Structures are given as structure tokens and as C-alpha cells.
């Protein structure tokens, strides 16, 4: 019942299965991110957000029987996606070649931004971020190079890099800090995430599922 999304010739499948935790996610929504200089928006990377199947049953708890327009203006609904008792997978596939650090910089930027936004950015979180950046250093992402973030409900972030848009088998690293976990996703679909790219998508495709209250295969 669920379909795919190509964002600037970078395709995001309808479903996916982690070689790491054998879970199976569904494309919640795709989108793209980039920079705005001189009123021009140059897109650098595509972005798709995946939710584990067990997410429908969970969100159905309070979001079923509501429509796109309705959820889209509801913040809680997102705090629920980002902090849901389930794994979320976020895949960023480059549109413009960026190095590990060049990129890991903008990302780490909005993160700490939020961490302080809610008084969670302390020593531990700080080390976790150091680590976060130590992971991206050896890397580089020419177009098609994907980064895979696994946000585990157990308060862990699974970092894994690729030269193309196919998920790797093993992971680059694991950042074990509950805060830093949600961070990424929060910076993309959170309250303070200006772009309605991911938000509109999620708001549009989930009710279709939420009406059945289940998911698997």
C-alpha cells in the first residue's frame, strides 16, 4: 500500500531491512536539505526517514482518525515520531560532494543547537558529539554516497557510511548517549526545524496506515 520517492535522482525505496538489527522500516517520508546563500537554495543532500513497522500500532494510539492538515500543525505528533518506542532509520544520499567533516559540521551544528535548546548538552553528550564527528573524519561523500543513521529506542545511534545508496552490512560506529540519539531526527522534523519537507510527507502518508493499526512482511 506504501510507495517510493525519488529526490533529485536519488531513490528512496518503499521499504527496507537493516543488515544490522534485521528490523524492517517503511519510508515515512523523503525530502532534501541544502544551503541558502544569496536567496538561492542549493540542495546538497537528499533525505529519507524510515520508521520501523511497529510504529503504526504505536502512533495509532493517538493519531489515528486524523488527517494530514490536522497532524501537520500538531507538534506532539512529531515528538511522538522522533521519540517513538521503535527504531527509526534516516538515509542521507549526497547530491553534491561533501567531505566527512565539511558535512558532519553542519549536522553537529544544529544538534548541539537543540541539545542546549533543552539543557541536555553536558559533558557526556559533549563527548558523544566528539565521537560523532570522529566517525565522519575518514569519510567523503560524492553524489550517491549515503550516511545511515540508526536511532535505536535503547538510546543508541548507529552510524554507517556508504559509497552508494545501498545500506552497508556492518556499522561505522555506535554513539551511546540517549540525548544525541534523537538529536538528528529532531533537527529535521522537530519543532524548530524550519523546512516542512519531511513534516508534510509524514503528515501525508501515515494516516493511510494508521487506519489498519498494524504492519509486517
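Positions refer to the first chain, counted from 1.
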Of 65-73 and 172-180, the stretch whose C-alpha atoms average the higher B-factor in the entry: 65-73
Mean C-alpha B-factor comparison - 152-160 and 30-38, higher one: 30-38
Assigned third (lowest, middle, highest) for the C-alpha B factor of residue 95: highest
Residue 46, C-alpha B-factor rank within chain (lowest, middle or highest third): lowest
Chain thirds of CA B-factor: placement of residue 165: middle
